[PDB]
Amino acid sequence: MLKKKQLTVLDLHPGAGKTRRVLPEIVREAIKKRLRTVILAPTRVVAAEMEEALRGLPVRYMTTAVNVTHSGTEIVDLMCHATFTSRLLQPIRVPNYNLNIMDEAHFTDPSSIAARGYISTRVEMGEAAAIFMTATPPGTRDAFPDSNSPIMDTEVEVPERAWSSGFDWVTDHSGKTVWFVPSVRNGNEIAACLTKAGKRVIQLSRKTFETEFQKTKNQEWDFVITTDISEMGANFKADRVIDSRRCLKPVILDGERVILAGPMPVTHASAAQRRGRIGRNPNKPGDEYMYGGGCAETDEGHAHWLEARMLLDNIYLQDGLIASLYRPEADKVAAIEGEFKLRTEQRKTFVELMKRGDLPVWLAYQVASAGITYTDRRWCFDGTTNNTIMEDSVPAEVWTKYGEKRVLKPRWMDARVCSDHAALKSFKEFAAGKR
């Protein structure tokens, strides 16, 4: 695996020990061979788990999720996917790693797709080796891969709203269930229904995942309601998955706005990862997977792949060369390489709108490319009428940095800024000049 110009897809089935058994073997070998190595975790939670698997090996943890005193001498770095791409974007020197290891390498967030693109391009250039660890590489068509123990698969109608009758099987179960919903809002409704029926429910989503995931260890629970973020290496001591088989797809319409389309079917890779939360313990056969729809290749035209191009157009590789997306996932977007390359000052604005601004990549790009500076929030208020953001069926309002109450009506409307209460709260703070 370790030879220059090699990219290896380590596609052992879910729970086959890629992270806890194989990875430390790869790391030991890398250190013996004096290969400057990076290890890329999808989440802080995974980073912390990796620390436990690698304990006693000389690894620099470039994350506050791990409390360790480094020697200074480590030639192996560990950071999150997002942190890697973030450092590439910024005017900070990122070592040209000889070996690049991506765990949970199916992650479809823009920064992860961009990271794969950059790393695979380095490998194709002859510069580096890489190892992508995932049970579900890009374009997999198998939603039902092998497991540590047999799984009972059943196609069944799964509720997506509060119910009073007709789904007794949901609540009659005495074990622990992980339930994949397509959005925070939808999970909130199902969670409230389960709570009303006497169940203990934890909810997980991107923004809450570190904090809330700990509750799954510290408290007793009957249900975990989660979005697709729990596809990325989240482990639960569960005996059932309920899978709506549904997700939201950000879609750019007319180059002009972003909508959250669907809910619509998940990919085969996502379904397999959802399912792969269970069947993990060879001493507990008969874990259940209840699934409420089919799969489809809904990554096609999904905005994350275009956003990944926006990231990659703005990462230095060599002169004017631009990294390509990783070949198996490169046709998911119709983009011209370099179309999104920004001049130095607009690039810095772009970066800052993502990093400090916490805006979606697409939105950050619209603002930066328009020649707007990071602190200039006039664009949050001067959109067309149909860009009015609504909060409880009334237009959302903030007090501007000038102290004037105005309706939130962004010049570029990206649905992700108001997909749930928390998101809209954050966008309100942004529009007000509060970060």
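Residue numbers here begin at 1 and follow the sequence given.
Comparing the deposited coordinates for 401-409 and 53-61, the stretch with the larger average C-alpha B-factor is 53-61. As listed in the deposited structure, the average C-alpha B-factor of 389-397 and of 30-38 is greater for 389-397. Based on the entry's C-alpha B-factors, the most elevated value among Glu307, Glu352, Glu256, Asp77 belongs to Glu256.
Taking the PDB entry at face value, the top CA B factor among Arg161, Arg274, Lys249, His173 belongs to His173. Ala334: CA B factor in the highest third of modelled residues in this chain (values from the PDB entry). Ranked by Cα temperature factor within the chain, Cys295 sits in the lowest third according to the deposited record.
Ranked by C-alpha B-factor against the other modelled residues of its chain, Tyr118 falls in the lowest third. When the modelled residues of the chain are ordered by their C-alpha B factor, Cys418 lands in the middle third.
Ranked within its chain, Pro360 lands in the lowest third, by CA B factor from the PDB record.
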